[PDB]
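The data below hold one chain only, encoded as structure tokens and taken in the form deposited without the partner chain.
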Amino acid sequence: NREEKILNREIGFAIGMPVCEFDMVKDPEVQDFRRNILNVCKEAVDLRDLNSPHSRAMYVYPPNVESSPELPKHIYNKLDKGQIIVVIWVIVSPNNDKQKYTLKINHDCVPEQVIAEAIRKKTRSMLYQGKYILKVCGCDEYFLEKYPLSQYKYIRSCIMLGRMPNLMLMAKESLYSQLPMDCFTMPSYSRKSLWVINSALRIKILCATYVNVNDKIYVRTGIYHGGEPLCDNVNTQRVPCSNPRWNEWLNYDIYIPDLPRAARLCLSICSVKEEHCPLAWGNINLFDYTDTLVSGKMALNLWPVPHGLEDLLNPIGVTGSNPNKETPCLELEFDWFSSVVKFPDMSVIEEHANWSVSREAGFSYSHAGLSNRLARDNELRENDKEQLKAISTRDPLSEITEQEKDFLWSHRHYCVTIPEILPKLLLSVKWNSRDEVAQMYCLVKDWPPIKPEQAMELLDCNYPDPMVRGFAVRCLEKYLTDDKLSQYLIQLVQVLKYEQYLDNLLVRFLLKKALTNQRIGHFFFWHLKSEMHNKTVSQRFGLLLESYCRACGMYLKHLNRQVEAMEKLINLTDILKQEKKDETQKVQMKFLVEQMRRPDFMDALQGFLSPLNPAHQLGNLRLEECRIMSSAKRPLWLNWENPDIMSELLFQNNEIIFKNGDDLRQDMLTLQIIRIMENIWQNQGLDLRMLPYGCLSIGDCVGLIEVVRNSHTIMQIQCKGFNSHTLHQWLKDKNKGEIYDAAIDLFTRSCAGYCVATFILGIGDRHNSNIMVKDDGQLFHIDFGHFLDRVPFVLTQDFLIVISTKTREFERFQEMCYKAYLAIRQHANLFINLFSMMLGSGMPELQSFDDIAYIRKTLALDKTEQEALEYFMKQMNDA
């Protein structure tokens, strides 16, 4: 139609490839995902059309609230008798006069209540009903829901900062006048035997093509469930280099009905010299998306080995053929049985599980042989019930012995009483034994829900089973707040890579939330779009992006304006670091200024939302405040006017650093971990102010960085002014009076926060230029080069003098680092889980579980609470 043709050009621009291309794809799964996902779209749109227009407003401007309405002790204490002084603004008459009405009201007042007092003060300022809404002055953040005022992140941040909230009052009708009439349309594309196989698995390696020049070669194979072999790996015969025809059947120690649902064939072409090397790799799901077992002739196009691969295989790697067909192509053959073999229905598995529990009970009783895996009733002693608990308290990095596994499995029915043990019991299963797997399925089917922070662990590369991942999704669906879903969004987008198929419970969950919360949808779009360059995820992420863009609504027009901006800056910074690299900042700036005269450039680089915070409107480009930086990759310091009616009450200008050349993924993760550490310390009552500024990767070593206003590096404070006493005097000068005592306190609390953080994460070398200080004393670190692969933030005499060595303030400071280290140690399981989910991300500083182990060392998990306290105590004295 007319609208369908306009939509597809808009979707195409957003993804970076035309939609017609997805149709010219003959994979039934691709076309099934495309059609079968459409109900997740339908449900999301329906929820937005439910309480229209209010429900459409909640979509476009979701309330930005904290997870709990409860405030910590140190936060509540800042309120003058549990009450907050709030400032409500009104835009009066035709001359748009800003008029403030100050209040002092209960921090837990709902926005409809706050409005009432503001109308009461307006009616009294001389001596209406609820057709109004509250907005943050200077940004598009609204207060459309009945939450305690202190629950909104702006209000809580204000309390924390000792800043007075500035909110603007406006008509509900004036906001709804900005929400357009969106319509969802149905696209043009929308309109056996089971365990009866009494046989062992064999796979024929026929031949290899596109394998030529540059001693011998072979095909290394293995059958895997996650990253664990379901039997021993089987190699083909060694063969001369250019001639690769094996025509060999490989015979595996697995009986076909014993194959788990998420069983994979993991293969690689290896070179020999004593020194075996993988040339290419590829993995195949033994069952297709429809539960059908792979049969017959097949050809798999192979992938290049990832930089820094362990063994000769890549089990954690992507499944399916490499799209580039000019690559090593391996031709295989699978046994064809009586008909089309299909994995049994849940009911057949349910009956076999009941049969297995029965045969298990009458097995021994009447066996004669010994079994450490048979379940025994009444034989569970209180000293071993307390030993089972000690297992559940173990970190995800800790090794679980074969004895502990047999122990855990014989107690599989008790385990249901310690629900947080499940990841360990799931590892304890003999995943190559249909008998135990059918039984495990029924346990999960009725397993007590676990916390989302625990659920997430069952979504890394170790838990491939659809039932295990389905239960994890179910725990998130019911217990994960939007605040928290937003906080862990980069790991949830990352673990999508561990999914066997396009259509799954996780993608369905993530997409429903994306299409019912625009703040989630923004970052869901950007985290997906930023990996379109990566061919390993291009199709899955592209299809996910198509389904998103097809139902997001008018936000696509906003996303496309953002895409056009980043594309211009990439083009711009390409020319500077290529051609005009050694040219002066005046000539380089003359080129930018000449390019800004161009219409396509002055439309693109102005009047669009900030990808770091879509609540921020980037108006006119103030070139006069922009500069090409001195850094090697020629990054841009960019300055935009804040076109908000009340910009002045937040920030009149918005500064973003656009960088093209370096990987921002490692900074993205370090800044996320900081936000988390900060939120852990804050929840535990100890106020250690951190600054996880915005950093977003938009592609292949391209991204944006939030500039922190009123900040200078440690070097800049030393330089303009060898010198070791300048910092304190500068902070005394920038905070003279009673204002000084607050600044010294904000420097120590922030200085303590970064001391712990950097130590734990093993962050890159911290110097005078890698550290920064705000006008109020707030200390923060920047450019986190590389983590894990020592105390990097060495407290020099410079920082020590600002603290007040044998002082009362330094005795308070040490007590700040100590509680903080204990606070992170009590949460090490979460941090371990966040890094594990990122293994799939191609990050060099995080390629194996060995890398994550660094935080088991620095957080002394194998030691005790007092022992680890002694570890941090000892490591902090060595400077």
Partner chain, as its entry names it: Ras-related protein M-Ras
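The term rigid core refers to the most C-alpha atoms you can superpose between the two forms while keeping them within 1.5 Å. Positions refer to the first chain, counted from 1.
Note that the form solved in complex with the partner chain isn't included here; everything after this is about it.
- The partner is absent here, but in the bound PDB entry a heavy atom of 104, alone among 297, 245, 104, 790, sits within 4.5 Å of the partner chain.
- Checked against the partner chain in the bound PDB entry, the residues 586, 806, 720, 736 give one hit for a heavy atom within 4.5 Å, which is 736.
- Under a 4.5 angstroms non-hydrogen atom cutoff, the partner chain in the bound PDB entry lacks residue 481 among its neighbouring residues.
- Looking at residue 125, you'd find a heavy atom of it within 4.5 angstroms of the partner chain in the bound PDB entry.
- For the chain shown alone, residue 231 is not a contact residue for the partner chain in the bound PDB entry, no non-hydrogen atom being within 4.5 angstroms.
- The partner chain in the bound PDB entry comes within 4.5 Å of a heavy atom belonging to residue 97.
- Between 114-122, 304-312, 261-269, 619-627, the stretch whose residues reach within 4.5 angstroms of the partner chain in the bound PDB entry through a non-hydrogen atom is 114-122.
- Residue 164 is the only one in 149-184 with at least one heavy atom within 4.5 Å of the partner chain in the bound PDB entry.
- A 2 Å or larger CA shift between the shown form and the other one, after fitting on the rigid core, occurs at just one of 583, 345, 567, 648, namely 583.
- For residue 94, a C-alpha deviation of 2 angstroms or more is recorded between the shown form and the other one after rigid-core alignment.
- Positional change of residue 708 between the shown form and the other one stays under 2 Å at the C-alpha, relative to the superposed core.
- In a rigid-core overlay of the protein, residue 597 has its C-alpha displaced by at least 2 Å between the shown form and the other one.
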